[PDB]
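Some notes on the structure that comes next.
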Amino acid sequence: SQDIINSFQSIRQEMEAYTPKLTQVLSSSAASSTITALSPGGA
Amino acid sequence: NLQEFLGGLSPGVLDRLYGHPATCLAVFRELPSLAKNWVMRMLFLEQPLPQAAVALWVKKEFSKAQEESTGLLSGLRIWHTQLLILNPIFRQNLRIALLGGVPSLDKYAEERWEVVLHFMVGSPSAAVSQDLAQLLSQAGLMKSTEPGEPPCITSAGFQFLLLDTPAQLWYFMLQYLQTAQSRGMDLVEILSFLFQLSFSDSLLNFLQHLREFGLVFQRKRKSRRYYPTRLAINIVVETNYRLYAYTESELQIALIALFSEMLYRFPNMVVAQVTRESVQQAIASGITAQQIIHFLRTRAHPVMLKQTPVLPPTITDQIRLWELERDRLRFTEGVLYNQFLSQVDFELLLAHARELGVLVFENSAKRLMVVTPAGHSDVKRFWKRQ
C-alpha cells in the first residue's frame, strides 16, 4: 500500500496547471495516421 | 434560404467573409446532414486525404445523399481537390470557435416588429418612416403604381404575412443585402455583422435600420454599444372547422381574418371559422393553401402539440381540396392551324415545331398542332416556303 498514497498525491498537484486547448489537444501527424487506421484498408 | 444566397457568390468575397466568431459557425450550422461530419473529421488534419476516400465513407444505401452534400460543400468553396484539404481561412477560423484565439429587451422587440407588420395592413398606426416605404417597394411586396397616400399590398405581400417569424426575417434581409451593393456598403461587413449579432462608420447607419424593425436596443439615442434582442437569433383548431385563438394582439387577429371569419371576440380569446367561402376569398388573391397549413402548425396551442399529429387530417386536405376548385379550367394561349389534305405535311411540321419549345398540345387523329402566338410569326414562314 505504498503506491496508492503517492499516485493520489501526484494527481492532486497536477490539477492546478490546466486547460491548454489550441495545439495541446491533437497533433497533425497522429491525427493523419488515424485516417489510415479507420480506412477500409487499415485495421 | 441562406445557402441559396451564398452559392451564387464569388470566391473573392467569401475568403474575407470568414471572421472568427460569426461566419464560420453560421455556414457550419446550415449544412444538411452529413457535411457537418466531414468538416469535423478533417478539422485537425493538415495533409490532404485522397479523393476516393469520402465516396467510400458512406453505405451503398443513402449514396445519393453523398453527392448533394459535397455539391454544396464544394459549392461554398470549403475544400478543393489539391492534387480534399479545407480552406486555410475556413479551417483556422472555425478552430477559433472551438475555444481558440432584461425583460425590457424582449417586450421592446415584439412591439417594434408588430408595427412593421401593421404597415402591411390597413391601419392609421402605421410605421411612419419614408425610408422603409421605399425599402419595401423595391423589395416587391408593397405595390404603388402611383404617388399614393396609402401604399397597397400585392400578392407577394399577402404571402409575407403568413411566413414564420424567423423565416420572414431572412426573406427581409436578403432583399436588404441584394440592393445594398450600390446604395449602402460592401456585402462582406454587413453579412458578418448579422452572424456576430446572432450569438466602421457606415455600419452605424445599418444599426439604425435594425433599430426600426427591432433587433438592437439603444435606449439612450445612439450610445456606444447596442443591446441585441430575441428577434436577432436567426391556437387550437377543431374537427368542426372552428379555430380558437388565445391571442389579443391586433396583428394576430387580422392574420386570422385573411382566411377565416370572425363570430365572437372575448378578451384573451378570438373564435373564428374556416369555411369554403373564406378560404377561396383568400386564394383568389393568392395566399395558397400550402401556406395556410404552415401558418397553423407553427402557431399551434400546447394542447394541440400532443400525441396526435397536429392540424388534424380532415381539415388539412379540405383546405387543399378547396384550393383545387380554382385549379379547374387552366387557361393557356395558343394559335391553331388545320385544313390540309396532305397526309405527310402535318407529320412533316413536327420536325419544325418541337425544337423551339413553342408547341403546347399534340394530337394523333387529325393532328392539331397548337403554337403560342409568341412563336407563331416564324412557323407561318416555313409553311409557305417549303
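Each chain in the C-alpha cells gets a letter, A, B, ..., in the order shown, and its residues are numbered from 1; ligands are numbered from 1 in order too.
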Listing only residues of stretch 41-156 of chain B within 6 Å of stretch 8-31 of chain A, what is the closest atom pair and its distance in Å (to one decimal) for each, using only C-alpha atoms, sorted by chain and residue number ascending, as a tab-separated table?
residue	atom	partner	partner_atom	distance
B:45	CA	A:28	CA	5.7
B:46	CA	A:28	CA	5.8
B:100	CA	A:22	CA	6.0
Could those selected residues go to a file with C-alpha atoms, as an mmCIF file, in the first residue's frame?
data_model
loop_
_atom_site.group_PDB
_atom_site.id
_atom_site.type_symbol
_atom_site.label_atom_id
_atom_site.label_comp_id
_atom_site.auth_asym_id
_atom_site.auth_seq_id
_atom_site.Cartn_x
_atom_site.Cartn_y
_atom_site.Cartn_z
ATOM 1 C CA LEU B 45 -5.905 17.418 -40.476
ATOM 2 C CA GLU B 46 -3.040 19.024 -42.365
ATOM 3 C CA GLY B 100 -9.295 29.386 -29.969
#
Which residues of chain B sit at most 9 Å from chain A, using only C-alpha atoms? Give each one's shortest atom pair and distance in Å (one decimal place), in chain and ascending residue order, as JSON lines.
{"residue": "B:42", "atom": "CA", "partner": "A:32", "partner_atom": "CA", "distance": 8.9}
{"residue": "B:44", "atom": "CA", "partner": "A:28", "partner_atom": "CA", "distance": 6.6}
{"residue": "B:45", "atom": "CA", "partner": "A:28", "partner_atom": "CA", "distance": 5.7}
{"residue": "B:46", "atom": "CA", "partner": "A:28", "partner_atom": "CA", "distance": 5.8}
{"residue": "B:47", "atom": "CA", "partner": "A:32", "partner_atom": "CA", "distance": 6.9}
{"residue": "B:48", "atom": "CA", "partner": "A:32", "partner_atom": "CA", "distance": 8.9}
{"residue": "B:49", "atom": "CA", "partner": "A:35", "partner_atom": "CA", "distance": 8.1}
{"residue": "B:53", "atom": "CA", "partner": "A:39", "partner_atom": "CA", "distance": 7.9}
{"residue": "B:56", "atom": "CA", "partner": "A:40", "partner_atom": "CA", "distance": 8.3}
{"residue": "B:57", "atom": "CA", "partner": "A:39", "partner_atom": "CA", "distance": 8.3}
{"residue": "B:95", "atom": "CA", "partner": "A:22", "partner_atom": "CA", "distance": 8.2}
{"residue": "B:96", "atom": "CA", "partner": "A:22", "partner_atom": "CA", "distance": 8.5}
{"residue": "B:98", "atom": "CA", "partner": "A:22", "partner_atom": "CA", "distance": 8.6}
{"residue": "B:99", "atom": "CA", "partner": "A:21", "partner_atom": "CA", "distance": 7.0}
{"residue": "B:100", "atom": "CA", "partner": "A:22", "partner_atom": "CA", "distance": 6.0}
{"residue": "B:101", "atom": "CA", "partner": "A:22", "partner_atom": "CA", "distance": 8.1}
Could you dump the residues just selected with C-alpha atoms as a CSV table (one decimal), in the first residue's frame?
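Output file out15.csv follows:
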chain,number,residue,atom,x,y,z
B,42,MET,CA,-10.7,16.9,-41.3
B,44,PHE,CA,-7.5,18.8,-37.3
B,45,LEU,CA,-5.9,17.4,-40.5
B,46,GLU,CA,-3.0,19.0,-42.4
B,47,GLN,CA,-2.3,16.5,-45.1
B,48,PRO,CA,-5.0,16.1,-47.8
B,49,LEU,CA,-6.7,12.7,-47.7
B,53,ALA,CA,-12.0,8.0,-49.5
B,56,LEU,CA,-16.4,5.0,-49.5
B,57,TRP,CA,-17.2,6.5,-46.1
B,95,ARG,CA,-11.0,26.2,-34.9
B,96,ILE,CA,-11.2,29.6,-33.1
B,98,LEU,CA,-13.7,25.6,-30.6
B,99,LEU,CA,-12.1,27.8,-27.9
B,100,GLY,CA,-9.3,29.4,-30.0
B,101,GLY,CA,-7.7,32.8,-30.1
Which of stretch 13-43 of chain B fall in helix (DSSP H, G or I), as a count of residues only: 19
Residue B:186 surroundings by only C-alpha atoms, 12 Å radius, close-in-sequence under 3 positions cut, as a PyMOL selection string: chain B and resi 13+16-17+177-183+189-193+200+202-203+206
Surrounding residues of residue B:150 excluding itself and chain neighbours under 2 positions, 12 Å, only C-alpha atoms, as a list in words: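 Counting only C-alpha atoms, the residues come to residues 119, 120, 121, 122, 123, 124, 126, 127, 128, 133, 142, 143, 144, 145, 146, 147, 148, 152 and 153 of chain B.
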For the selection you just gave me, I'd like the residues written to a file as a CSV table (one decimal), in the first residue's frame, keeping N, CA, C and O atoms.
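Saved result, out-v6.csv, follows:
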chain,number,residue,atom,x,y,z
B,119,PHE,N,-47.8,47.9,-41.0
B,119,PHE,CA,-47.8,48.7,-42.3
B,119,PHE,C,-48.4,48.0,-43.4
B,119,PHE,O,-48.8,48.6,-44.4
B,120,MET,N,-48.3,46.7,-43.4
B,120,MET,CA,-48.9,45.8,-44.5
B,120,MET,C,-50.3,45.5,-44.3
B,120,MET,O,-50.9,44.7,-45.1
B,121,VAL,N,-51.0,46.2,-43.3
B,121,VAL,CA,-52.5,46.1,-43.2
B,121,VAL,C,-53.0,47.5,-43.2
B,121,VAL,O,-52.2,48.5,-43.0
B,122,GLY,N,-54.3,47.7,-43.3
B,122,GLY,CA,-54.9,49.0,-43.2
B,122,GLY,C,-55.1,49.4,-41.8
B,122,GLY,O,-55.9,48.9,-41.0
B,123,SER,N,-54.2,50.4,-41.4
B,123,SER,CA,-54.2,50.8,-40.0
B,123,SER,C,-53.7,52.3,-40.0
B,123,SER,O,-52.7,52.6,-40.7
B,124,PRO,N,-54.3,53.2,-39.2
B,124,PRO,CA,-53.8,54.5,-39.0
B,124,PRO,C,-52.5,54.5,-38.2
B,124,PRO,O,-51.8,55.5,-38.3
B,126,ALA,N,-49.5,53.3,-38.5
B,126,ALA,CA,-48.5,52.7,-39.4
B,126,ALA,C,-47.1,53.1,-39.0
B,126,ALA,O,-46.9,54.1,-38.2
B,127,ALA,N,-46.1,52.4,-39.5
B,127,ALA,CA,-44.7,52.8,-39.3
B,127,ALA,C,-44.4,54.0,-40.2
B,127,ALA,O,-44.0,53.8,-41.3
B,128,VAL,N,-44.5,55.2,-39.6
B,128,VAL,CA,-44.2,56.4,-40.3
B,128,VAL,C,-42.7,56.6,-40.5
B,128,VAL,O,-42.1,57.3,-39.6
B,133,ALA,N,-40.7,52.8,-46.5
B,133,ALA,CA,-41.7,52.6,-47.6
B,133,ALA,C,-41.0,52.4,-48.9
B,133,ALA,O,-41.5,51.5,-49.7
B,142,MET,N,-44.9,45.8,-51.7
B,142,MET,CA,-45.8,47.0,-51.5
B,142,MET,C,-45.9,47.7,-52.8
B,142,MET,O,-45.1,48.5,-53.2
B,143,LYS,N,-47.0,47.3,-53.6
B,143,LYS,CA,-47.3,47.9,-54.8
B,143,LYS,C,-47.8,49.3,-54.7
B,143,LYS,O,-48.6,49.6,-53.8
B,144,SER,N,-47.3,50.3,-55.5
B,144,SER,CA,-47.9,51.6,-55.5
B,144,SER,C,-48.5,52.0,-56.9
B,144,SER,O,-49.7,52.2,-56.9
B,145,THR,N,-47.7,51.9,-58.0
B,145,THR,CA,-48.1,52.3,-59.3
B,145,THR,C,-48.7,53.7,-59.4
B,145,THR,O,-49.5,54.0,-60.3
B,146,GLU,N,-48.3,54.6,-58.5
B,146,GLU,CA,-48.9,56.0,-58.3
B,146,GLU,C,-48.0,56.6,-57.2
B,146,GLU,O,-47.2,55.9,-56.5
B,147,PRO,N,-48.1,57.9,-57.0
B,147,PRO,CA,-47.6,58.5,-55.7
B,147,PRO,C,-48.3,57.9,-54.5
B,147,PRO,O,-47.6,57.3,-53.7
B,148,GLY,N,-49.6,58.1,-54.4
B,148,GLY,CA,-50.4,57.3,-53.4
B,148,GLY,C,-50.3,57.9,-52.0
B,148,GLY,O,-49.2,58.1,-51.5
B,152,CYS,N,-50.3,50.2,-51.4
B,152,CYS,CA,-51.1,49.0,-51.4
B,152,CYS,C,-50.2,47.8,-51.1
B,152,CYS,O,-49.0,47.9,-50.9
B,153,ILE,N,-50.8,46.6,-51.1
B,153,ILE,CA,-50.2,45.3,-50.8
B,153,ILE,C,-50.5,44.4,-51.9
B,153,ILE,O,-51.6,44.0,-52.2
Within 9 Å of residue B:43 using only C-alpha atoms, minus same-chain residues under 5 positions, as JSON, numbers by chain: {"B": [38, 86, 91, 92, 94, 95]}
Would you save the residues of that selection, restricted to C-alpha atoms, as a tab-separated table (two decimals), in the first residue's frame?
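Heads up, here's the output in result.tsv:
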chain	number	residue	atom	x	y	z
B	38	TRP	CA	-16.75	15.71	-42.85
B	86	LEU	CA	-10.19	22.51	-46.36
B	91	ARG	CA	-10.18	25.75	-41.02
B	92	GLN	CA	-8.36	28.39	-38.97
B	94	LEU	CA	-13.67	27.53	-37.26
B	95	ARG	CA	-10.98	26.23	-34.90
Interatomic distance (Å, one decimal) between atom CA of residue B:306 and atom CA of residue B:240: 19.0 Å
Between atom CA of residue B:300 and atom CA of residue B:288 - distance in Å to one decimal: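 Computing it gives 19.4 Å between the two atoms.
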Between atom CA of residue B:172 and atom CA of residue B:224 - distance in Å to one decimal: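 Computing the Euclidean distance for atom CA of residue B:224 and atom CA of residue B:172 yields 26.4 Å.
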Which of B:171, B:195, B:259, B:176 sits closest to residue B:284 [using only C-alpha atoms]: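 Checking each candidate against residue B:284, we get B:259 as the closest.
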DSSP strand (DSSP E or B) selection over stretch 137-313 of chain B, as number ranges by chain: B: 242-245, 261-266, 269-273
Residue selection dump (N, CA and C atoms) as an mmCIF file, in the first residue's frame:
data_model
loop_
_atom_site.group_PDB
_atom_site.id
_atom_site.type_symbol
_atom_site.label_atom_id
_atom_site.label_comp_id
_atom_site.auth_asym_id
_atom_site.auth_seq_id
_atom_site.Cartn_x
_atom_site.Cartn_y
_atom_site.Cartn_z
ATOM 1 N N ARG B 242 -63.672 24.983 -36.620
ATOM 2 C CA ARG B 242 -63.544 26.141 -35.755
ATOM 3 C C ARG B 242 -62.119 26.228 -35.243
ATOM 4 N N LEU B 243 -61.607 27.447 -35.148
ATOM 5 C CA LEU B 243 -60.301 27.641 -34.544
ATOM 6 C C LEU B 243 -60.400 28.731 -33.493
ATOM 7 N N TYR B 244 -59.987 28.396 -32.279
ATOM 8 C CA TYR B 244 -59.993 29.308 -31.149
ATOM 9 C C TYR B 244 -58.568 29.782 -30.922
ATOM 10 N N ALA B 245 -58.389 31.089 -30.773
ATOM 11 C CA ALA B 245 -57.069 31.698 -30.722
ATOM 12 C C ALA B 245 -56.942 32.520 -29.452
ATOM 13 N N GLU B 261 -63.460 33.739 -40.754
ATOM 14 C CA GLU B 261 -64.478 34.743 -40.492
ATOM 15 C C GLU B 261 -64.753 34.796 -38.999
ATOM 16 N N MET B 262 -64.817 36.007 -38.460
ATOM 17 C CA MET B 262 -64.965 36.203 -37.028
ATOM 18 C C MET B 262 -66.421 36.077 -36.614
ATOM 19 N N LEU B 263 -66.652 35.451 -35.464
ATOM 20 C CA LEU B 263 -68.011 35.360 -34.944
ATOM 21 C C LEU B 263 -68.159 35.626 -33.451
ATOM 22 N N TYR B 264 -67.089 35.623 -32.658
ATOM 23 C CA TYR B 264 -67.079 36.287 -31.361
ATOM 24 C C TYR B 264 -65.687 36.849 -31.135
ATOM 25 N N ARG B 265 -65.571 37.720 -30.139
ATOM 26 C CA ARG B 265 -64.264 38.223 -29.724
ATOM 27 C C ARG B 265 -64.360 38.565 -28.242
ATOM 28 N N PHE B 266 -63.915 37.648 -27.401
ATOM 29 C CA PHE B 266 -63.782 37.908 -25.980
ATOM 30 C C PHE B 266 -62.459 38.610 -25.726
ATOM 31 N N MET B 269 -59.445 35.791 -26.037
ATOM 32 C CA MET B 269 -59.774 34.713 -26.962
ATOM 33 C C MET B 269 -60.527 35.281 -28.151
ATOM 34 N N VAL B 270 -60.260 34.724 -29.327
ATOM 35 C CA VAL B 270 -60.991 35.041 -30.544
ATOM 36 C C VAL B 270 -61.342 33.729 -31.221
ATOM 37 N N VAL B 271 -62.629 33.495 -31.451
ATOM 38 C CA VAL B 271 -63.096 32.298 -32.139
ATOM 39 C C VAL B 271 -63.490 32.661 -33.563
ATOM 40 N N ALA B 272 -62.911 31.951 -34.526
ATOM 41 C CA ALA B 272 -63.243 32.149 -35.925
ATOM 42 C C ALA B 272 -63.638 30.822 -36.551
ATOM 43 N N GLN B 273 -63.834 30.804 -37.865
ATOM 44 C CA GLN B 273 -64.240 29.586 -38.547
ATOM 45 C C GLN B 273 -63.614 29.553 -39.928
#
